[PDB]
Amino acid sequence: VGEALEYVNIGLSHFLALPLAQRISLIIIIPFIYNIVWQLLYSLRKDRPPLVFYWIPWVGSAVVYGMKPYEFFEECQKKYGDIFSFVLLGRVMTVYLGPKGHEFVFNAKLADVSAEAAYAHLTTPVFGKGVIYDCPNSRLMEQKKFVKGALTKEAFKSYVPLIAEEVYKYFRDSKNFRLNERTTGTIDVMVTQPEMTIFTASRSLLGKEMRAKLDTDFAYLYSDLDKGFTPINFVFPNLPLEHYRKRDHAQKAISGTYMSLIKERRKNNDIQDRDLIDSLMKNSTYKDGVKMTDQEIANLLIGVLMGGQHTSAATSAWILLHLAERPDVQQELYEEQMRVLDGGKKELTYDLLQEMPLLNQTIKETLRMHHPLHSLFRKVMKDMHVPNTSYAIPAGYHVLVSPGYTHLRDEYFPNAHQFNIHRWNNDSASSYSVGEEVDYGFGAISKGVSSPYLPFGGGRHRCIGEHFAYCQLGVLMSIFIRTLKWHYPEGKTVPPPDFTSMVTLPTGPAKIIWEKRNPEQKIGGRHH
């Protein structure tokens, strides 16, 4: 054998003397083969959930996942059931589909999984520091407690006329509408809905100063910060290219603006309750006694607005697109508007919004068929055992939960692919805890997360903007419905979703034709 141990040696030297043709050829075929072999070996573990097969190492199933994630999920579900892992741009994602999925990931022990470990690389470049996913979970919990303290029923009662004012101003002044000079037109909902979202959100959460700056060049900074919030930040987070530093410019620029306004409200004492900025100023002292720096506060503002911008605008687009081919639902929604607002002689209020169940059902149903975030991740911190199986999810893996996939399942939603607001009759609540509650720092929320309809997640990371979004979407749709009818151009229909972005947007252009319900109606106020 010693004459073979000489030969491993010899053979080794001859490898180092291959032409660079075969050397490069080998540095690609050696890893390709080991990859394929490791998988076959992997499939013989019985404490591991089935791993989706793939050819290209590191990249894994990222193509099909990234492009059509629900269909990926469905085919995986058919060959392996509800638990399966797949590889994604260097990471291993264990997907648990269905309500026990929600349970296993949303109700995971703090010690078992990390949300900030998963998200901070995407969000921190964008929002700034010391906030959201750039702090310990405990801090997050109190930050949510803060924000949510400006998301009160009385807050909502002041925001509603402000939001309405913005919609009306938008109809009057935007080149997309100009209702005072045109009775009909075509809009890209993907153009209109983002401006409407930022305008209304800005004016209400950030106040009238901050809204006004959007009428200037300053608005482009929101657009710059916007582009840095993209999945590419997951694999290539900081690359010395130009989109990355207009991003960082904007983060600095916008944050500075808030601090400018923050500090000068304190150097006066223009501290009321008008907006979230007032609120966070009066209310951002942690339980251990620390106060949020002005910088942190501002970064928390950026985060809050960013999160409500994309989800809400997408939902707003989808509502318009689904209704554009359902003049019966527009008709139904309009009658409810007339009955609740007494033919329009009542002014819209947060209270009156709550008495529009069909309106809220449309929001509800849209959020069902078009959940904004098709995937939520965690990273596993301790080996997790999955009941009732032999599976251990080893630390360093990622768990992926996808309530939006469950939303589109016939098992839990009869005719799941049919837009039907009436599947929610006598049931228009944004959401409700259907049993016992629990509190993590920002208020009592559902303890069980087994509801097959989970648009806002659950557990410690559960959303806190649900009521803001229904408020915004409510006022928005109330006014669209009372002002306009709208339909598709010839042979157009509901676009299919673009899953590749951070949010599941419709595939643009998604155009609708509007026409005034009342051609001779003039929106008041003044423009130049």
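Each residue number is its position in the shown sequence, starting from 1.
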Quick one: say whether 284-292 or 415-423 has the higher mean Cα B-factor in the deposited entry. 284-292
For the higher mean C-alpha B factor in the entry, choose 150-158 or 324-332. 150-158
Out of 439, 165, 365, 248, whose C-alpha atom has the biggest B factor in the entry? 248
If I read the C-alpha B-factors straight from the PDB entry, which of 470, 54, 488, 480 is highest? 54
Would you check the entry's CA temperature factor for residue 311 and let me know if it's in the chain's lowest, middle or highest third? lowest
Chain third (lowest, middle, highest) by recorded CA B-factor, residue given as residue 79: highest
For residue 403, does the deposited CA B-factor place it in the lowest, middle or highest third of the chain? lowest
Quick check on the deposited entry: does the C-alpha B-factor of residue 133 sit in the lowest, middle or highest third of its chain? middle
What third of the chain does residue 244 rank in for C-alpha temperature factor, lowest, middle or highest? highest
